[PDB]
file upload.pdb (PDB, C-alpha atoms)
MODEL        1
ATOM      1  CA  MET A   1       0.000   0.000   0.000
ATOM      2  CA  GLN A   2       2.343   2.717  -1.272
ATOM      3  CA  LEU A   3       1.230   5.890  -3.053
ATOM      4  CA  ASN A   4       3.232   8.681  -4.690
ATOM      5  CA  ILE A   5       2.542  12.027  -6.368
ATOM      6  CA  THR A   6       4.317  14.199  -8.935
ATOM      7  CA  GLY A   7       3.610  17.879  -9.490
ATOM      8  CA  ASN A   8       4.484  19.489 -12.816
ATOM      9  CA  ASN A   9       4.920  23.269 -12.713
ATOM     10  CA  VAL A  10       3.581  23.371  -9.156
ATOM     11  CA  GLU A  11       5.168  23.658  -5.709
ATOM     12  CA  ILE A  12       4.405  20.543  -3.663
ATOM     13  CA  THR A  13       3.677  21.883  -0.178
ATOM     14  CA  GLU A  14       3.178  19.516   2.775
ATOM     15  CA  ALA A  15      -0.407  20.795   2.868
ATOM     16  CA  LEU A  16      -1.083  20.095  -0.809
ATOM     17  CA  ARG A  17       0.332  16.563  -0.962
ATOM     18  CA  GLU A  18      -1.493  15.919   2.314
ATOM     19  CA  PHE A  19      -4.840  16.910   0.794
ATOM     20  CA  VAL A  20      -4.409  14.352  -1.986
ATOM     21  CA  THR A  21      -3.332  11.582   0.385
ATOM     22  CA  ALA A  22      -6.103  12.661   2.755
ATOM     23  CA  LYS A  23      -8.764  11.713   0.210
ATOM     24  CA  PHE A  24      -7.127   8.416  -0.747
ATOM     25  CA  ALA A  25      -6.802   7.558   2.945
ATOM     26  CA  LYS A  26     -10.534   7.973   3.569
ATOM     27  CA  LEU A  27     -10.983   5.617   0.615
ATOM     28  CA  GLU A  28      -8.521   3.119   2.088
ATOM     29  CA  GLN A  29     -11.240   2.362   4.654
ATOM     30  CA  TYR A  30     -13.750   0.755   2.284
ATOM     31  CA  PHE A  31     -11.406   0.330  -0.688
ATOM     32  CA  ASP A  32      -8.813  -2.408  -0.174
ATOM     33  CA  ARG A  33      -7.717  -2.569  -3.821
ATOM     34  CA  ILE A  34      -4.999   0.083  -3.623
ATOM     35  CA  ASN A  35      -1.307  -0.837  -3.697
ATOM     36  CA  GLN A  36       0.435   1.576  -6.068
ATOM     37  CA  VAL A  37      -1.126   4.931  -6.940
ATOM     38  CA  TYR A  38       0.397   7.781  -8.943
ATOM     39  CA  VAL A  39      -1.177  11.217  -9.318
ATOM     40  CA  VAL A  40      -0.048  14.276 -11.273
ATOM     41  CA  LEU A  41      -1.428  17.794 -11.394
ATOM     42  CA  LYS A  42      -0.369  20.607 -13.725
ATOM     43  CA  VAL A  43      -0.896  24.268 -12.850
ATOM     44  CA  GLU A  44      -1.058  26.785 -15.691
ATOM     45  CA  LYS A  45      -2.506  30.291 -16.003
ATOM     46  CA  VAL A  46      -5.088  28.717 -18.327
ATOM     47  CA  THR A  47      -6.587  25.507 -16.902
ATOM     48  CA  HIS A  48      -5.596  23.023 -14.193
ATOM     49  CA  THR A  49      -5.179  19.349 -15.097
ATOM     50  CA  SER A  50      -4.948  16.315 -12.813
ATOM     51  CA  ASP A  51      -4.526  12.588 -13.455
ATOM     52  CA  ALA A  52      -5.101   9.517 -11.279
ATOM     53  CA  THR A  53      -4.011   5.895 -11.681
ATOM     54  CA  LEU A  54      -5.067   3.191  -9.220
ATOM     55  CA  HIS A  55      -3.793  -0.395  -9.229
ATOM     56  CA  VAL A  56      -5.918  -3.469  -8.524
ATOM     57  CA  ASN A  57      -5.298  -7.216  -8.302
ATOM     58  CA  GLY A  58      -5.632  -8.320 -11.915
ATOM     59  CA  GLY A  59      -6.801  -4.923 -13.116
ATOM     60  CA  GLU A  60      -5.713  -1.287 -13.216
ATOM     61  CA  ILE A  61      -7.819   1.856 -13.618
ATOM     62  CA  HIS A  62      -6.537   5.051 -15.236
ATOM     63  CA  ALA A  63      -8.567   8.266 -15.155
ATOM     64  CA  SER A  64      -7.986  12.023 -15.249
ATOM     65  CA  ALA A  65      -9.914  15.092 -14.100
ATOM     66  CA  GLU A  66      -9.748  18.857 -14.594
ATOM     67  CA  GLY A  67     -10.762  21.684 -12.283
ATOM     68  CA  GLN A  68     -10.797  25.461 -11.919
ATOM     69  CA  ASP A  69      -7.976  24.973  -9.400
ATOM     70  CA  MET A  70      -5.521  22.404  -8.037
ATOM     71  CA  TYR A  71      -8.147  21.663  -5.379
ATOM     72  CA  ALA A  72     -11.082  21.214  -7.754
ATOM     73  CA  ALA A  73      -9.123  18.846  -9.997
ATOM     74  CA  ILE A  74      -8.549  16.519  -7.043
ATOM     75  CA  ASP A  75     -12.188  16.792  -5.968
ATOM     76  CA  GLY A  76     -13.649  15.610  -9.260
ATOM     77  CA  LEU A  77     -10.715  13.268  -9.827
ATOM     78  CA  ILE A  78     -11.146  11.498  -6.491
ATOM     79  CA  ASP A  79     -14.926  11.618  -6.916
ATOM     80  CA  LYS A  80     -15.243   9.747 -10.209
ATOM     81  CA  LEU A  81     -12.300   7.537  -9.248
ATOM     82  CA  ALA A  82     -13.954   6.373  -6.024
ATOM     83  CA  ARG A  83     -17.308   5.578  -7.646
ATOM     84  CA  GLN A  84     -15.322   3.519 -10.157
ATOM     85  CA  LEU A  85     -13.459   1.631  -7.439
ATOM     86  CA  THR A  86     -16.743   0.658  -5.790
ATOM     87  CA  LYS A  87     -18.118  -0.631  -9.096
ATOM     88  CA  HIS A  88     -15.285  -3.126  -9.581
ATOM     89  CA  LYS A  89     -15.198  -3.751  -5.822
ATOM     90  CA  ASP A  90     -18.727  -5.167  -6.051
ATOM     91  CA  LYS A  91     -17.519  -7.982  -8.312
ATOM     92  CA  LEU A  92     -15.102  -9.260  -5.672
ATOM     93  CA  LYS A  93     -17.269  -9.219  -2.546
ATOM     94  CA  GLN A  94     -20.074 -11.425  -3.865
ATOM     95  CA  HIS A  95     -21.897 -12.808  -0.828
TER
ENDMDL
END
call {"tool": "encode", "arguments": {"input": "upload.pdb", "output": "structure tokens"}}
result
Amino acid sequence: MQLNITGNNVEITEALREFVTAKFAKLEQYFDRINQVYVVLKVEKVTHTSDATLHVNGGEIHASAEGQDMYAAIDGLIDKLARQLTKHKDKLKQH
């Protein structure tokens, strides 16, 4: 269960990185299919872009989200990502 992040054209402050990990953590409670995760967020005067990639036993999901800010990108990115994790998580726990 190891996760890492990479910021392109953005200063990675303990608070920022924490926010990202904070969301994933809350997901680590119900979601047990997370071993290696890599996230990247670009910050430009135009639009902010963020990408997420979660790993699962036998399968791997890769999605990306954009937001008005580095915070919004993570919100929608971790939102759609979670809902996706639950979908595939339903296949496993079949009882």
call {"tool": "resolve_selection", "arguments": {"input": "upload.pdb", "expression": "the PyMOL selection byres ((chain A and resi 71-87) around 9)", "output": "mmCIF file with C-alpha atoms, in the frame of the given file"}}
result
data_model
loop_
_atom_site.group_PDB
_atom_site.id
_atom_site.type_symbol
_atom_site.label_atom_id
_atom_site.label_comp_id
_atom_site.auth_asym_id
_atom_site.auth_seq_id
_atom_site.Cartn_x
_atom_site.Cartn_y
_atom_site.Cartn_z
ATOM 1 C CA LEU A 16 -1.083 20.095 -0.809
ATOM 2 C CA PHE A 19 -4.840 16.910 0.794
ATOM 3 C CA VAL A 20 -4.409 14.352 -1.986
ATOM 4 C CA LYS A 23 -8.764 11.713 0.210
ATOM 5 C CA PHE A 24 -7.127 8.416 -0.747
ATOM 6 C CA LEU A 27 -10.983 5.617 0.615
ATOM 7 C CA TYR A 30 -13.750 0.755 2.284
ATOM 8 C CA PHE A 31 -11.406 0.330 -0.688
ATOM 9 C CA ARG A 33 -7.717 -2.569 -3.821
ATOM 10 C CA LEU A 41 -1.428 17.794 -11.394
ATOM 11 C CA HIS A 48 -5.596 23.023 -14.193
ATOM 12 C CA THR A 49 -5.179 19.349 -15.097
ATOM 13 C CA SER A 50 -4.948 16.315 -12.813
ATOM 14 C CA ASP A 51 -4.526 12.588 -13.455
ATOM 15 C CA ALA A 52 -5.101 9.517 -11.279
ATOM 16 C CA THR A 53 -4.011 5.895 -11.681
ATOM 17 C CA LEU A 54 -5.067 3.191 -9.220
ATOM 18 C CA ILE A 61 -7.819 1.856 -13.618
ATOM 19 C CA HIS A 62 -6.537 5.051 -15.236
ATOM 20 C CA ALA A 63 -8.567 8.266 -15.155
ATOM 21 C CA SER A 64 -7.986 12.023 -15.249
ATOM 22 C CA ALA A 65 -9.914 15.092 -14.100
ATOM 23 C CA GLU A 66 -9.748 18.857 -14.594
ATOM 24 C CA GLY A 67 -10.762 21.684 -12.283
ATOM 25 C CA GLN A 68 -10.797 25.461 -11.919
ATOM 26 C CA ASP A 69 -7.976 24.973 -9.400
ATOM 27 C CA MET A 70 -5.521 22.404 -8.037
ATOM 28 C CA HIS A 88 -15.285 -3.126 -9.581
ATOM 29 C CA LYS A 89 -15.198 -3.751 -5.822
ATOM 30 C CA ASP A 90 -18.727 -5.167 -6.051
ATOM 31 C CA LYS A 91 -17.519 -7.982 -8.312
#
call {"tool": "resolve_selection", "arguments": {"input": "upload.pdb", "expression": "the PyMOL selection byres ((chain A and resi 8) around 10)", "output": "VMD selection string"}}
result
chain A and resid 6 to 7 9 to 12 40 to 44 49 to 50
call {"tool": "write_last_selection", "arguments": {"input": "upload.pdb", "atoms": "C-alpha atoms", "output": "PDB file, in the frame of the given file"}}
result
ATOM      1  CA  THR A   6       4.317  14.199  -8.935  1.00  0.00           C
ATOM      2  CA  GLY A   7       3.610  17.879  -9.490  1.00  0.00           C
ATOM      3  CA  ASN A   9       4.920  23.269 -12.713  1.00  0.00           C
ATOM      4  CA  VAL A  10       3.581  23.371  -9.156  1.00  0.00           C
ATOM      5  CA  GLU A  11       5.168  23.658  -5.709  1.00  0.00           C
ATOM      6  CA  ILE A  12       4.405  20.543  -3.663  1.00  0.00           C
ATOM      7  CA  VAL A  40      -0.048  14.276 -11.273  1.00  0.00           C
ATOM      8  CA  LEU A  41      -1.428  17.794 -11.394  1.00  0.00           C
ATOM      9  CA  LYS A  42      -0.369  20.607 -13.725  1.00  0.00           C
ATOM     10  CA  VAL A  43      -0.896  24.268 -12.850  1.00  0.00           C
ATOM     11  CA  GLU A  44      -1.058  26.785 -15.691  1.00  0.00           C
ATOM     12  CA  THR A  49      -5.179  19.349 -15.097  1.00  0.00           C
ATOM     13  CA  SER A  50      -4.948  16.315 -12.813  1.00  0.00           C
TER      14      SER A  50
END
call {"tool": "closest_residue", "arguments": {"input": "upload.pdb", "among": "A:56, A:37, A:1, A:25", "to": "residue 92 (chain A)", "atoms": "only C-alpha atoms"}}
result
A:56
call {"tool": "residues_around", "arguments": {"input": "upload.pdb", "residues": "residue 4 (chain A)", "least_positions_apart": "4", "cutoff": "8 Å", "atoms": "all atoms listed in the file", "output": "list in words"}}
result
residues 36, 37, 38 and 39 of chain A
call {"tool": "axis_aligned_box", "arguments": {"input": "upload.pdb", "around": "region 89-92 of chain A", "padding_each_side": "8 Å", "output": "AutoDock Vina command-line options"}}
result
--center_x -16.9 --center_y -6.5 --center_z -7.0 --size_x 19.6 --size_y 21.5 --size_z 18.6
